[PDB]
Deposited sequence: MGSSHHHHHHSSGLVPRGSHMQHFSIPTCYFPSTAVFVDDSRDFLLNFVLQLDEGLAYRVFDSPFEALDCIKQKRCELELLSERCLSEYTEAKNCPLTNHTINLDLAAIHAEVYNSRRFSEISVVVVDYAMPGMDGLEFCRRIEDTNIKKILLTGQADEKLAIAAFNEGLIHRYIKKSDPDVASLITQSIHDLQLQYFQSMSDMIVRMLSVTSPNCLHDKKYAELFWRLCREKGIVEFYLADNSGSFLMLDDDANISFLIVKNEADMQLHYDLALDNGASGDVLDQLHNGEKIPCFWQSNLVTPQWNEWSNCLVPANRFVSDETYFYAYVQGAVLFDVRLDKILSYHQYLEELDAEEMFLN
């Protein structure tokens, strides 16, 4: 219901717990390239690995964490695992916010329904379903989003900040996610109180989606009016034709190139935004950022399922 746009997002790791190598080979080789995953044939070793893995400017600082992509967001577990059934496996990680996909047998649907209603698991799929491979893949994408949506609750609490209203706007979120796909964005991080986002592609190229609400536009118009800006600047800020692209008040003669043409989006409220290339809002050290493409290349072939 909330955080249709999460406070942050980046490619995360899914864990597959299954005792059928033939099922895993058929499944993982249909997956889209770009999904990081780990495979365990034992629920005990999978649990041990999960256990051992465990202001507003602090959000985008996560991009300097080279191990962020190894965050485990979704687990896919077969209920018929030897040693420990799939539901008992999920109970021992239900304290975390990992999203659980249960692969059910022919006589396990009632047990999975109860677990789904209690919130123990978030998805159950018949392992013998002819579309099982595509159903798991779609649920992985859906639950990796829900993982960061659940993260957004604790992040705004930990930082003692209030979320921008645009993050809960369903119409605007669809525009946000479709723009991310148009620009090849794989990870983003909330940048200011109005809903701006630091954005990166798989090569860690920097870009920003600067977002302003009507209250911000009125504040910028009042600042330019109190500062005595050019006649065009007052008309552009009043009509909402352009938005400020800075992060501090510019000089009366500097408002010219500190503005960028903006799009207007009317939904739950009126937003003004512009997608700009480069580090525009604040400085970003590209030399201390591990891109996602380089993370996938630096994956050690020793601990790979496909070797």
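According to the record, no C-alpha positions are given for deposited positions 1-21, 76-104, 298-301, numbered from 1.
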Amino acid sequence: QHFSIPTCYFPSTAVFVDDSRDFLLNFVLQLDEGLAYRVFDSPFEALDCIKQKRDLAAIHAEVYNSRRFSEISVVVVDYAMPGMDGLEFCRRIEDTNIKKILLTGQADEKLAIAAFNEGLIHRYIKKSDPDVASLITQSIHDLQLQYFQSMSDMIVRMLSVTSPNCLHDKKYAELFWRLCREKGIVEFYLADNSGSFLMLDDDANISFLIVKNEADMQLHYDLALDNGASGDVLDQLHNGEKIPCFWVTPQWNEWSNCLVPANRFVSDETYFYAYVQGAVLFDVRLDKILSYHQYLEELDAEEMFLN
From here on, numbers count along this sequence of modelled residues.
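Higher mean CA temperature factor between 133-141 and 156-164: 156-164, per the PDB entry. For the segment pair 234-242 and 254-262, the entry gives 254-262 the higher mean B-factor, averaged over Cα atoms.
Between the residues 127, 220, 91, 171, it is 220 that shows the highest Cα B-factor in the PDB record. Out of 195, 105, 82, 228, the entry records its largest CA B-factor for 228. Among the modelled residues of its chain, residue 214 has a C-alpha B-factor that falls in the highest third, as given in the PDB entry.
Among all modelled residues in this chain, the alpha-carbon of residue 96 has a temperature factor (C-alpha) in the highest third. In the deposited entry, the Cα temperature factor of residue 275 places it in the middle third of its chain's modelled residues.
Residue 32: CA B factor in the highest third of modelled residues in this chain (values from the PDB entry).
When the modelled residues of the chain are ordered by C-alpha B-factor, residue 38 sits in the lowest third.
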